[PDB]
Amino acid sequence: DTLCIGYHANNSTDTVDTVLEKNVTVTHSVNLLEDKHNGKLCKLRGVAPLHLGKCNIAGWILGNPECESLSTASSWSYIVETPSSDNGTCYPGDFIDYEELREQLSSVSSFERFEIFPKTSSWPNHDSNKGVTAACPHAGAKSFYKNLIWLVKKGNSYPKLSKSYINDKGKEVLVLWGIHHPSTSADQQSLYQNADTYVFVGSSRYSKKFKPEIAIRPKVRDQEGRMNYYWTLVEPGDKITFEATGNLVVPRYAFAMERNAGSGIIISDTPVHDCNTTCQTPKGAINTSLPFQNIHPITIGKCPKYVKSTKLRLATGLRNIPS
Amino acid sequence: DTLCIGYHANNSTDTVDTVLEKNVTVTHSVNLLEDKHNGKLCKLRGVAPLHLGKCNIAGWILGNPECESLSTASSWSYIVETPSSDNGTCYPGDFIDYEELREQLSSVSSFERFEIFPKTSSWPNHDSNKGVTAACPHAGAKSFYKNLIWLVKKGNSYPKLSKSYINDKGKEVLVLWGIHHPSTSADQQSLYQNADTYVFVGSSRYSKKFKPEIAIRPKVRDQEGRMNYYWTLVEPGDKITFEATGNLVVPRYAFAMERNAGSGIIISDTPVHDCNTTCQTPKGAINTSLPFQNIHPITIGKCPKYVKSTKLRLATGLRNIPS
Amino acid sequence: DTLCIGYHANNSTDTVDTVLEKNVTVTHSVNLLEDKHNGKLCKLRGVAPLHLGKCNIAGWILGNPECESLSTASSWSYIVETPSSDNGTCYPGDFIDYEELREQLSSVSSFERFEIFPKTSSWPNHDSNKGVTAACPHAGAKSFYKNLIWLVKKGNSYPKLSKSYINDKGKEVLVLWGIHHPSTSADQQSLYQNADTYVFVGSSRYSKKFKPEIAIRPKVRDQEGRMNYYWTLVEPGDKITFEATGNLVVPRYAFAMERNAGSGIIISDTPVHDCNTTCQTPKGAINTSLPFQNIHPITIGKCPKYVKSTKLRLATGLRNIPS
Amino acid sequence: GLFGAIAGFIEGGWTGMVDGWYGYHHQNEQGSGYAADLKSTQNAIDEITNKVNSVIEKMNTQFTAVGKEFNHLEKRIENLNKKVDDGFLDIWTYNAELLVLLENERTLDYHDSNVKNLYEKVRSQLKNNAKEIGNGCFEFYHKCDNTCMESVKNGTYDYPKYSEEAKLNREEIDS
Amino acid sequence: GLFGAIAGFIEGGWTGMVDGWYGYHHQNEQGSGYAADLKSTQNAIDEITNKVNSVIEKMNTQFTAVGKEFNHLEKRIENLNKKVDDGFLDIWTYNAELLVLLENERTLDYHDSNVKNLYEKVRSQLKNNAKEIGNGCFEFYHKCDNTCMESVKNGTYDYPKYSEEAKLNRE
Amino acid sequence: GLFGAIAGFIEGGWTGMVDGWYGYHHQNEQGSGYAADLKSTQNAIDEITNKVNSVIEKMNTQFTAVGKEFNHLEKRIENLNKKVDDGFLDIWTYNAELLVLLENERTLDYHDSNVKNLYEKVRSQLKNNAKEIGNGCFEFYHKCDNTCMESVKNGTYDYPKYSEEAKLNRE
Ligand SMILES: *[C@@H]1O[C@H](CO)[C@@H](O[C@@H]2O[C@H](CO)[C@@H](O[C@@H]3O[C@H](CO)[C@@H](O)[C@H](O)[C@@H]3O)[C@H](O)[C@H]2NC(C)=O)[C@H](O)[C@H]1NC(C)=O
Ligand SMILES: *[C@@H]1O[C@H](CO)[C@@H](O[C@@H]2O[C@H](CO)[C@@H](O)[C@H](O)[C@H]2NC(C)=O)[C@H](O)[C@H]1NC(C)=O
Ligand SMILES: *[C@@H]1O[C@H](CO)[C@@H](O[C@@H]2O[C@H](CO)[C@@H](O)[C@H](O)[C@H]2NC(C)=O)[C@H](O)[C@H]1NC(C)=O
Ligand SMILES: *[C@@H]1O[C@H](CO)[C@@H](O)[C@H](O)[C@H]1NC(C)=O
């Protein structure tokens with residue numbers, strides 16, 4: 001009669017690497033490396049991304065005539081741009097502190113577009129109907145941004161402009177405006193009449209007097225003139241004043257919003273889907289059951305640590321010796 | 001007759017966690033995570049911090065009427081500013097490279113206030129007695145910052161000013177000055193007479209012409225005007241030169257100083273004491289020894305690493321099995 | 001008859017430390033810490049660094065008379081600049097976005113100087129010959145930057161200049177220019193006649209109007225006036241235009257480049273040699289053979305990780321018991 | 001390896017014992033067959049699950065954006081950010097890889113001790129009553145029925161009970 | 001757990017052994033009680049203290065400020081700074097947490113190995129002279145007084161002296 | 001050590017055994033000397049060489065410049081750059097330092113393991129045909145010639161060949 005002590009062997013073909021040997025066959029093992037992604041840009045913690053289609057942050061926020069703008073969402077976990085997203089600032093110029101603005105707008109918890117300075121009532125002594133450009137074509141016609149108003153002289157007269165907005169919204173108001181820098185003395189005259197002009201904009205925190213720099217720049221989108229883009233966040237009870245004698249691309253629409261802690265912008269051709277995730281990758285969402293992932297180094301969420309590993313197999317069983 | 005082999009068992013209740021078993025009662029153990037602090041703000045590098053009370057760095061450097069200074073050391077290891085510190089730039093405007101100055105003033109091994117431009121001698125053609133405001137009150141009276149003189153016209157004349165300081169101190173001199181931006185043409189005329197004015201500040205390293213922006217900004221402390229704040233460190237043997245036809249808020253007091261290694265600003269309500277420590281936390285000081293800590297991420301000194309662990313215990317003794 | 005199973009001992013003196021005890025003599029052990037270097041500056045990715053000699057990047061890129069010059073197509077893996085490199089901006093002033101330029105030039109895939117605005121034909125209405133200074137001497141005479149022309153009035157006349165350049169190259173072109181700020185109104189007339197001047201510079205991405213700041217700065221290198229240095233990278237399709245009524249320090253030489261995958265600048269007196277490395281340190285080059293290194297924390301290449309340790313030798317053999 | 005049992009004195013595995021990691025094979029008048037040692041198998045699953053969780057549990061992590069956008073005149077901060085990204089990458093890749101190699105060795109070394117302690121536990125019970133025939137086997141100097149066999153497997157072997165029969169058989173073999 | 005001695009063949013610990021970490025328990029003719037094994041307990045203490053000082057003393061670190069201050073238009077550098085802070089936190093937490101787990105398991109195994117080695121040493125000196133009765137105990141076939149007992153512990157036990165004295169005690 | 005062999009029952013090492021880490025000291029009727037256990041030595045060499053290569057080769061790292069230049073008005077960024085370098089310096093130094101300490105200890109135990117294992121392998125072959133005399137020594141009850149000696153080494157030892165011959169000498 002015999003009693004033999006032994007150990008389990010099986011059908012297992014999986015291998016782990018040890019400090020002493022590389023290909024050791026194990027009876028049981030666990031993978032610690034998340035190597036798979038769902039190929040979709042999901043809602044991050046039940047909140048869907050703000051998918052900007054063919055538009056970029058500048059395009060969407062300025063209300064580029066090629067961008068929807070009247071179909072956003074009161075909240076977004078992150079923003080999505082596509083690598084081809086061309087529609088932005090159609091009138092050439094610099095969009096000052098742009099990446100900073102993109103950063104601030106990456107995540108939002110309350111967001112309402114409202115007419116800060118409504119078109120039909122705000123500008124009784126200035127022309128608010130002209131001030132469309134070949135720089136911004138839309139549906140065959142000379143167009144302009146939806147969120148701004150390019151004020152121009154009211155037939156030979158551009159009187160002094162002075163208009164303010166308080167803030168009865170109980171959150172910060174994002175106000176964007178533009179400074180027009182004409183090409184020539186003739187272009188200044190044709191738009192504003194007044195030759196030596198200035199724009200002043202101020203809040204309790206913001207203060208800048210702008211002076212248009214008339215000069216022919218190399219033609220960009222039929223323009224030798226330039227338009228610089230500006231923005232400020234006006235605190236829950238602060239006032240913003242707009243003073244000008246010419247060259248003011250005036251705010252028409254502004255945004256009441258609550259900035260959400262901290263997100264990002266995914267630039268990707270990855271389609272958006274009605275799925276939830278704890279971790280988002282620019283190329284698909286990932287499970288967070290595992291400590292590591294090799295999908296993408298740039299993730300948004302409560303995410304596993306990116307590693308350049310191809311395999312992280314941790315043995316559970318023993319050496320499989322079916323001999 | 002018998003001789004046995006065996007191990008120690010005791011009164012110990014302490015548990016450790018192993019890779020294979022969660023709650024293990026061990027005979028002996030050492031703690032690797034520091035969770036205790038003294039609740040006091042201590043002397044780092046044998047030097048006490050610079051506690052600012054109700055004042056913030058802006059208010060303290062500029063002679064804000066509520067800040068006193070001088071008798072508040074010549075050397076400090078770090079700056080203590082309280083979270084409620086309101087008293088800063090009483091007259092509204094922008095403090096240029098403010099956080100940069102904050103970092104630079106954080107630790108100083110020599111600090112000496114000196115009248116760069118004696119009030120008495122320096123200004124024979126401008127008024128140095130009028131330059132007070134309702135924005136900066138002291139004991140219920142129009143006052144101003146101690147370290148600055150707000151020059152104003154002398155009986156309907158602001159001759160061009162030109163003043164230089166050549167650094168004869170053995171160290172760097174921190175010079176602070178201001179550009180006043182009036183709200184109206186009249187305010188500009190009542191203060192400076194001149195109307196089309198400028199401010200020029202020159203050094204070997206520094207050069208900037210300032211052109212006042214005259215506009216009605218929203219009222220901040222009854223001020224529709226703004227006062228931008230500027231600073232620069234004048235290297236030993238270097239000349240600093242001021243030139244103006246108005247809007248210059250001259251330096252009166254400059255600071256010869258020696259910037260120390262690498263410290264910061266602790267913003268805390270926690271009290272400052274006569275305790276000597278090697279590691280400081282906003283919450284209190286840690287008397288190190290251990291490699292880990294869960295007190296605070298933000299710390300100054302030769303500190304333990306901040307970990308999110310609530311318990312880190314090394315078993316030294318064996319598994320306690322009393323019976 | 002006897003058979004004893006035993007282990008090895010030898011003449012080995014290699015001592016290692018283990019968790020359980022310090023200084024244990026082992027029969028065999030390997031070092032894991034790179035403690036040695038070649039004391040030479042080597043090629044990286046088979047490419048030699050650009051050594052700046054007695055110059056720094058500013059002196060090099062502008063045409064500082066004391067600087068080398070690369071009239072031909074080149075490429076570097078990194079930039080070497082000696083701690084004693086004095087030859088920079090010979091005429092005093094600010095080099096706008098200087099550290100940004102330094103980084104962008106740190107490693108270049110292709111670099112080629114060309115005469116953007118040829119000296120002989122570009123300025124028939126302004127003086128290209130005059131525009132030499134005592135501040136920039138060369139072989140004991142008034143000279144200037146090689147890559148720039150200090151244009152000046154042609155016999156009591158300075159007409160408006162308009163000069164543009166279309167990037168016919170198929171790679172970015174780095175353009176540099178200067179804005180001269182004279183000390184007196186006499187200086188502004190003596191050099192430019194015009195008195196109320198501007199300088200306008202534009203591309204598809206760039207646009208700036210410059211206005212001379214006339215004032216007496218403290219005398220640096222015999223100069224009371226200042227020169228500011230600006231640069232831009234013109235894209236392939238792009239055109240860069242210059243407009244001025246005075247004060248423009250015109251480009252003469254510009255540089256076509258392909259910016260290489262980001263590198264760095266070594267400030268070292270270590271001599272450059274025809275050696276190759278994967279890792280470069282200011283002190284000389286190291287072998288990326290071992291995982292850790294205690295040579296220098298600032299390295300360029302695929303390097304071992306910097307470490308404070310003086311020894312990291314891993315036991316391989318057994319305890320050495322001579323007996 | 002480390003404890004000499006797995007791939008040491010016990011040459012190979014058993015594809016016949018499908019109910020556990022460690023156990024026994026028997027032969028008697030009644031029959032043969034494999035059985036798993038429950039006490040050791042369970043404790044080991046328990047502990048290995050603990051180790052598996054520990055490597056995964058202790059991670060936790062923050063809600064982070066990772067990406068940061070910088071302009072054409074912000075290369076230095078843009079490179080600084082890549083340094084942070086790359087440095088963490090090198091830390092996490094090296095540690096993950098080393099942790100796994102070292103812990104896989106420690107796991108197999110653990111299965112070796114479990115099998116070695118199992119051999120030793122039985123050797124301690126049977127003493128003089130069985131012959132250690134190698135390969136982790138015992139050849140009983142007495143008649144060991146399914147019951148007796150179960151007593152050993154359950155750790156309640158009665159040595160004085162089988163002593164006389166084992167002493168006579170051993171003394172005859174040794175004769 | 002690992003060496004199958006502590007909570008293995010030696011089921012439990014002795015509260016009666018205040019003396020040190022690993023020792024003996026004699027029961028002869030002249031009084032019974034416990035006494036630690038010094039030439040192992042001191043070694044263990046020295047080695048374990050070394051293990052502790054290593055985990056502690058290998059840290060060191062430099063003087064740093066950590067906290068950074070940034071304006072309203074410096075959110076990206078504010079956020080980059082938080083990434084560094086969180087990245088280091090996650091690194092250190094996970095490392096500290098795992099080393100603590102891994103190492104606690106290593107220390108306990110060391111104690112198990114030390115007890116196993118102490119039991120094995122005695123069994124080797126004794127041999128036929130004393131019967132292995134499980135749970136770390138040896139039942140002497142011969143008579144072993146308080147001096148004889150001290151010797152087995154000392155590593156000095158003459159097998160021939162009690163050879164025949166114990167041989168004629170196997171029945 | 002951990003397994004009781006190296007600096008335990010096998011008191012010290014042999015300088016006369018240059019051929020390998022582990023082995024035997026044969027001493028019979030036809031000359032004597034030292035010989036390495038080919039299998040156990042070679043196996044150990046291979047495994048150790050892998051352990052070494054794992055520590056060095058899992059490193060890799062990509063192209064980095066490290067060095068960063070800032071102006072006088074960029075001290076906070078200068079300091080953020082320093083916090084990153086020192087952070088990584090604190091991590092690598094402590095980790096490398098601990099990885100060497102912890103791993104040197106696991107290596108010496110591994111050697112102790114191969115010696116203990118080899119000891120028991122021979123013991124298991126000879127069962128009662130040889131006496132255990134300490135220092136990891138077996139004294140043969142029979143006449144183990146060079147071919148008999150070269151059977152215990154390669155693990156082909158024939159217990160029935162000497163069984164009864166050894167049985168007689170024992171008495
Ligand atoms: C919104 O998105 C599209 C895509 O970028 C913009 O359209 C593109 O605009 C460029 C620049 O004006 C066009 O170039 C032109 O090509 C024509 C041929 O018709 C040529 O003869 C012209 O002289 C000129 O160089 C390009 O054709 C066009 N590309 C696409 C894909 O549509 C569009 O302008 C944007 N609109 C707004 C309002 O932002
Ligand atoms: C989106 O992400 C995950 C998907 O599983 C969810 O996270 C869990 O949240 C629940 C309660 O909401 C917790 O008790 C779990 O422990 C979480 N686990 C993990 C792995 O994150 C989250 O709830 C999801 N949101 C929605 C709207 O379903
Ligand atoms: C110093 O800070 C105090 C903080 O409150 C300021 O006082 C507040 O400011 C306005 C104008 O004085 C008052 O109407 C509030 O009620 C104030 N509170 C108190 C308690 O006085 C004060 O303005 C600051 N002084 C300076 C010189 O900066
Ligand atoms: C070059 O450097 C030396 C050392 O500072 C100096 O004497 C010389 O005048 C410099 N010349 C130029 C043109 O930079």
# chains A, B, ... in the order shown; residues from 1 in each chain; ligands from 1

$ residues_around --residues "residue 5 in chain B" --least-positions-apart "2" --cutoff "6 Å" --atoms "only C-alpha atoms" --output "list in words"
residues 24, 119 and 136 of chain E

$ residues_near_ligand --ligand "ligand 1" --cutoff "10 Å" --atoms "only C-alpha atoms and all ligand atoms" --output "MDAnalysis selection string"
chainID A and resid 54:56 59 63:67 84:91 133:139 142:145 220:222

$ write_last_selection --atoms "N, CA and C atoms" --output "short mmCIF file (atom, residue, chain, number, x, y, z; two decimals), in the first residue's frame"
data_model
loop_
_atom_site.label_atom_id
_atom_site.label_comp_id
_atom_site.auth_asym_id
_atom_site.auth_seq_id
_atom_site.Cartn_x
_atom_site.Cartn_y
_atom_site.Cartn_z
N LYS A 54 -16.30 69.34 -36.66
CA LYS A 54 -15.30 69.97 -37.53
C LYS A 54 -14.73 71.28 -36.94
N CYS A 55 -15.17 71.66 -35.75
CA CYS A 55 -14.74 72.89 -35.13
C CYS A 55 -13.77 72.66 -33.99
N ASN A 56 -13.00 73.69 -33.67
CA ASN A 56 -12.07 73.67 -32.58
C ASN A 56 -12.65 74.53 -31.46
N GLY A 59 -13.40 78.13 -32.61
CA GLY A 59 -14.54 78.10 -33.51
C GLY A 59 -15.85 77.97 -32.78
N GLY A 63 -18.29 81.14 -31.91
CA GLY A 63 -19.50 80.97 -32.68
C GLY A 63 -19.23 81.17 -34.16
N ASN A 64 -18.11 80.56 -34.64
CA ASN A 64 -17.74 80.43 -36.05
C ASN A 64 -19.04 80.01 -36.78
N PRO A 65 -19.40 80.69 -37.90
CA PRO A 65 -20.68 80.41 -38.56
C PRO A 65 -20.87 78.99 -39.05
N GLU A 66 -19.78 78.20 -39.15
CA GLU A 66 -19.79 76.78 -39.56
C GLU A 66 -20.07 75.81 -38.40
N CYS A 67 -20.16 76.31 -37.18
CA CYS A 67 -20.34 75.54 -35.96
C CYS A 67 -21.74 75.71 -35.39
N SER A 84 -8.57 66.90 -37.64
CA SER A 84 -8.82 67.76 -38.81
C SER A 84 -9.57 69.10 -38.51
N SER A 85 -10.15 69.25 -37.30
CA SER A 85 -10.94 70.38 -36.79
C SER A 85 -10.33 71.76 -37.06
N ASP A 86 -10.64 72.26 -38.24
CA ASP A 86 -10.19 73.49 -38.89
C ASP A 86 -10.94 74.77 -38.52
N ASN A 87 -12.28 74.70 -38.34
CA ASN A 87 -13.10 75.87 -38.12
C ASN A 87 -12.88 76.49 -36.77
N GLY A 88 -12.26 77.67 -36.79
CA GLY A 88 -11.93 78.41 -35.59
C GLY A 88 -12.08 79.89 -35.77
N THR A 89 -10.97 80.60 -35.63
CA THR A 89 -10.90 82.03 -35.85
C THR A 89 -10.80 82.24 -37.40
N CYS A 90 -11.93 82.51 -38.08
CA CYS A 90 -11.97 82.70 -39.54
C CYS A 90 -11.39 84.05 -39.99
N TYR A 91 -11.48 85.08 -39.12
CA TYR A 91 -10.82 86.36 -39.35
C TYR A 91 -9.43 86.18 -38.69
N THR A 133 -17.86 89.27 -43.27
CA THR A 133 -16.63 89.22 -44.07
C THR A 133 -16.49 87.99 -44.95
N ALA A 134 -15.67 88.11 -46.04
CA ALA A 134 -15.33 86.99 -46.94
C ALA A 134 -14.42 86.04 -46.15
N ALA A 135 -13.78 86.56 -45.09
CA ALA A 135 -12.95 85.78 -44.18
C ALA A 135 -13.78 84.66 -43.53
N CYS A 136 -15.07 84.93 -43.26
CA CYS A 136 -15.98 83.96 -42.62
C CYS A 136 -17.12 83.59 -43.56
N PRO A 137 -16.93 82.88 -44.72
CA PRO A 137 -18.10 82.50 -45.55
C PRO A 137 -18.93 81.40 -44.88
N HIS A 138 -20.24 81.49 -45.04
CA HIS A 138 -21.17 80.50 -44.54
C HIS A 138 -22.41 80.53 -45.38
N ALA A 139 -22.68 79.36 -45.99
CA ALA A 139 -23.82 79.07 -46.85
C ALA A 139 -23.96 80.10 -47.99
N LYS A 142 -21.38 86.24 -47.10
CA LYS A 142 -20.37 86.82 -46.22
C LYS A 142 -20.99 86.66 -44.84
N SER A 143 -20.25 86.04 -43.94
CA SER A 143 -20.82 85.84 -42.62
C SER A 143 -19.89 86.38 -41.54
N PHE A 144 -20.15 86.03 -40.30
CA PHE A 144 -19.34 86.39 -39.16
C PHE A 144 -19.65 85.42 -38.01
N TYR A 145 -18.97 85.55 -36.90
CA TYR A 145 -19.19 84.74 -35.71
C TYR A 145 -20.56 85.03 -35.12
N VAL A 220 -4.31 86.50 -45.31
CA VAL A 220 -4.72 85.21 -44.73
C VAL A 220 -6.25 85.28 -44.83
N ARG A 221 -6.90 84.30 -45.53
CA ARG A 221 -8.35 84.25 -45.71
C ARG A 221 -8.87 85.57 -46.26
N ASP A 222 -8.22 86.08 -47.34
CA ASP A 222 -8.53 87.36 -48.02
C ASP A 222 -8.27 88.61 -47.20
#

$ interface_residues --of "chain F" --to "chain C" --cutoff "6 Å" --atoms "only C-alpha atoms" --output "ChimeraX atom specification"
/F:12-15,21-28,56,59,61-67,89,93,100-102,104-105,108,136-140

$ write_last_selection --atoms "N, CA, C and O atoms" --output "compact mmCIF listing (two decimals), in the first residue's frame"
# COMPACT_ATOMS: atom_id res chain seq x y z
N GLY F 12 32.02 26.30 6.93
CA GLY F 12 32.74 27.18 6.02
C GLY F 12 32.84 26.67 4.59
O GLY F 12 32.34 25.58 4.26
N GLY F 13 33.51 27.48 3.75
CA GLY F 13 33.72 27.21 2.32
C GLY F 13 35.07 26.61 1.95
O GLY F 13 36.02 26.63 2.75
N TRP F 14 35.16 26.07 0.73
CA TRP F 14 36.39 25.46 0.25
C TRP F 14 37.11 26.28 -0.81
O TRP F 14 36.58 26.49 -1.91
N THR F 15 38.34 26.71 -0.50
CA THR F 15 39.13 27.46 -1.46
C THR F 15 39.71 26.53 -2.54
O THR F 15 39.95 26.97 -3.67
N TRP F 21 30.50 26.68 -7.64
CA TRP F 21 29.89 27.22 -6.42
C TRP F 21 29.64 26.13 -5.37
O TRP F 21 29.97 26.32 -4.21
N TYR F 22 29.07 24.99 -5.81
CA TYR F 22 28.68 23.85 -4.98
C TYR F 22 29.39 22.56 -5.38
O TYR F 22 29.72 22.38 -6.55
N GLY F 23 29.56 21.65 -4.43
CA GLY F 23 30.20 20.38 -4.74
C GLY F 23 30.47 19.40 -3.62
O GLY F 23 29.76 19.35 -2.61
N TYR F 24 31.51 18.57 -3.82
CA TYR F 24 31.87 17.50 -2.91
C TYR F 24 33.37 17.43 -2.66
O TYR F 24 34.16 17.80 -3.52
N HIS F 25 33.75 16.84 -1.51
CA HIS F 25 35.13 16.52 -1.18
C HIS F 25 35.18 15.01 -1.02
O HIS F 25 34.85 14.48 0.05
N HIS F 26 35.53 14.32 -2.11
CA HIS F 26 35.66 12.86 -2.11
C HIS F 26 36.93 12.45 -1.38
O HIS F 26 37.97 13.09 -1.52
N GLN F 27 36.83 11.42 -0.54
CA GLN F 27 37.95 10.92 0.26
C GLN F 27 37.81 9.42 0.46
O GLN F 27 37.07 8.98 1.33
N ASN F 28 38.49 8.62 -0.38
CA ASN F 28 38.42 7.16 -0.30
C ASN F 28 39.78 6.44 -0.34
O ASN F 28 40.81 7.05 -0.06
N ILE F 56 19.13 44.87 -14.75
CA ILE F 56 19.74 45.75 -15.72
C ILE F 56 18.81 45.94 -16.92
O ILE F 56 18.49 47.08 -17.24
N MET F 59 15.23 48.22 -17.40
CA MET F 59 15.41 49.65 -17.33
C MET F 59 14.99 50.40 -18.61
O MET F 59 13.99 51.13 -18.57
N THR F 61 14.48 53.23 -20.63
CA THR F 61 14.47 54.72 -20.67
C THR F 61 14.51 55.32 -22.09
O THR F 61 15.24 54.83 -22.95
N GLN F 62 13.80 56.41 -22.32
CA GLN F 62 13.81 57.08 -23.64
C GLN F 62 14.67 58.33 -23.64
O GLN F 62 15.23 58.71 -22.60
N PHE F 63 14.81 58.94 -24.85
CA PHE F 63 15.59 60.15 -25.04
C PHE F 63 14.94 61.29 -24.28
O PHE F 63 13.72 61.50 -24.37
N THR F 64 15.76 61.96 -23.47
CA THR F 64 15.41 63.11 -22.64
C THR F 64 16.60 64.05 -22.65
O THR F 64 17.75 63.60 -22.79
N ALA F 65 16.30 65.36 -22.45
CA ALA F 65 17.28 66.41 -22.34
C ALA F 65 17.53 66.76 -20.87
O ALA F 65 18.65 67.17 -20.55
N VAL F 66 16.53 66.57 -19.97
CA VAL F 66 16.61 66.88 -18.51
C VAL F 66 16.80 68.37 -18.25
O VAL F 66 15.97 68.99 -17.56
N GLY F 67 17.92 68.90 -18.74
CA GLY F 67 18.31 70.29 -18.58
C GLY F 67 17.28 71.25 -19.10
O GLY F 67 16.75 71.07 -20.21
N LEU F 89 14.96 61.71 -8.27
CA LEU F 89 16.22 61.35 -7.61
C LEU F 89 15.96 60.64 -6.28
O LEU F 89 16.64 59.66 -5.97
N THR F 93 17.03 56.60 -6.05
CA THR F 93 18.03 56.35 -5.02
C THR F 93 17.54 55.35 -3.99
O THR F 93 18.22 54.34 -3.77
N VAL F 100 18.82 46.59 -4.13
CA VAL F 100 20.11 45.91 -3.93
C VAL F 100 20.13 45.18 -2.55
O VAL F 100 20.43 43.99 -2.51
N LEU F 101 19.73 45.85 -1.45
CA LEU F 101 19.72 45.25 -0.11
C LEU F 101 18.87 43.99 -0.01
O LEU F 101 19.36 42.95 0.42
N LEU F 102 17.60 44.13 -0.37
CA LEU F 102 16.57 43.10 -0.36
C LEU F 102 16.94 41.95 -1.26
O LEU F 102 16.73 40.79 -0.88
N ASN F 104 20.14 41.15 -2.44
CA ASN F 104 21.40 40.50 -2.00
C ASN F 104 21.09 39.44 -0.98
O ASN F 104 21.63 38.34 -1.05
N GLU F 105 20.15 39.74 -0.09
CA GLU F 105 19.68 38.83 0.91
C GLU F 105 18.98 37.60 0.25
O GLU F 105 19.28 36.48 0.64
N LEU F 108 21.82 35.21 -1.38
CA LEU F 108 22.58 34.39 -0.42
C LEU F 108 21.75 33.22 0.12
O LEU F 108 22.30 32.12 0.29
N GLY F 136 28.45 18.69 6.99
CA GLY F 136 27.81 18.19 5.78
C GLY F 136 28.57 17.00 5.24
O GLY F 136 28.79 16.91 4.03
N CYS F 137 28.97 16.09 6.16
CA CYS F 137 29.78 14.91 5.84
C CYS F 137 29.08 13.58 6.00
O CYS F 137 28.44 13.32 7.02
N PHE F 138 29.33 12.69 5.03
CA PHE F 138 28.85 11.31 5.06
C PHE F 138 30.03 10.36 5.15
O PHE F 138 30.91 10.42 4.29
N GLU F 139 30.06 9.50 6.19
CA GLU F 139 31.09 8.48 6.34
C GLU F 139 30.46 7.15 5.94
O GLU F 139 29.47 6.73 6.55
N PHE F 140 31.01 6.52 4.89
CA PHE F 140 30.54 5.27 4.32
C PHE F 140 30.79 4.07 5.21
O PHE F 140 31.92 3.86 5.67

$ calpha_fit_rmsd --fixed "chain A" --moving "chain C"
0.7 Å

$ select_by_dssp --residues "range 156-283 of chain C" --states "strand (DSSP E)" --output "ChimeraX atom specification"
/C:161-166,172-181,199-202,207-210,226-234,239-244,248-251,254-259,265-267,272-277,279-281

$ calpha_fit_rmsd --fixed "chain F" --moving "chain E"
0.4 Å

$ closest_atom_pairs --of "chain D" --to "chain B" --cutoff "12 Å" --atoms "only C-alpha atoms" --output "Markdown table"
| residue | atom | partner | partner_atom | distance |
| --- | --- | --- | --- | --- |
| D:43 | CA | B:20 | CA | 9.6 |
| D:44 | CA | B:20 | CA | 8.7 |
| D:45 | CA | B:20 | CA | 9.9 |
| D:46 | CA | B:20 | CA | 8.0 |
| D:47 | CA | B:20 | CA | 4.4 |
| D:48 | CA | B:20 | CA | 6.4 |
| D:49 | CA | B:20 | CA | 8.1 |
| D:50 | CA | B:20 | CA | 5.5 |
| D:51 | CA | B:19 | CA | 5.0 |
| D:52 | CA | B:19 | CA | 8.7 |
| D:53 | CA | B:19 | CA | 9.2 |
| D:54 | CA | B:19 | CA | 6.7 |
| D:55 | CA | B:19 | CA | 8.6 |
| D:56 | CA | B:19 | CA | 11.7 |
| D:57 | CA | B:19 | CA | 11.6 |
| D:58 | CA | B:309 | CA | 9.1 |
| D:59 | CA | B:308 | CA | 10.4 |
| D:60 | CA | B:308 | CA | 9.6 |
| D:61 | CA | B:308 | CA | 10.0 |
| D:62 | CA | B:308 | CA | 11.1 |
| D:103 | CA | B:19 | CA | 10.0 |
| D:106 | CA | B:19 | CA | 10.7 |
| D:107 | CA | B:20 | CA | 10.1 |
| D:110 | CA | B:20 | CA | 10.2 |
